[PDB]
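For neighbour counting, all protein chains shown are included, and Cβ atoms are generated from backbone atoms with ideal geometry for every residue, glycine included. What follows is calculated from the coordinates using simple rules that are stated; it is not laboratory data.
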Amino acid sequence: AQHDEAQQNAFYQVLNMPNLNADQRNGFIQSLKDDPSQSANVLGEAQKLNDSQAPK
C-alpha cells in the first residue's frame, strides 16, 4: 500500500492458491518472509506447485 507492490502481490498470490495445502503455502510465505528479494522466485515456485496440483 505504502509501496512494495511486487512484495505484497507475491504474498497475496501465495495465499490465494487453492490447490496448495496449508504446509505448502505457509512454507512459501516463510520463504518469502526470509528472502524478500526472492518474491518472484517464491511466487513462481508456489504457482508451479499450485498448477501441478490442479484438479482439472
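Fully extended, how many nm does the chain gain between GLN38 and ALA1 (0.36 nm per residue separation, minus their Cα-Cα distance)? Numbers along the way, then the final one.
Values: separation 37, 0.36 × 37 = 13.32 nm, distance 1.93 nm.
Going from the current span to full extension adds 11.4 nm.
Just to be sure I understand the model, the point goes 7 Å from the Cα along the line to the Cβ. What's the resulting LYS48 to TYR12 distance in nm?
Reported label-point gap for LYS48 and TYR12 is 2.5 nm.
Report, in debye and to the nearest 20, how large the dipole of the chain comes out about its Cα centre when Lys and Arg carry +1 and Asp and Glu carry -1 on their Cβ.
Details: 4 positive and 7 negative charges, 47 e Å.
That gives the chain a dipole magnitude of about 220 debye.
Got the relative contact order for the chain handy, in percent, Cα pairs under 8 Å and 6 or more residues apart? Intermediate values should be presented prior to the final figure.
Numbers: 40 pairs, mean separation 24.7, N = 56.
Result for the chain is 44 percent.
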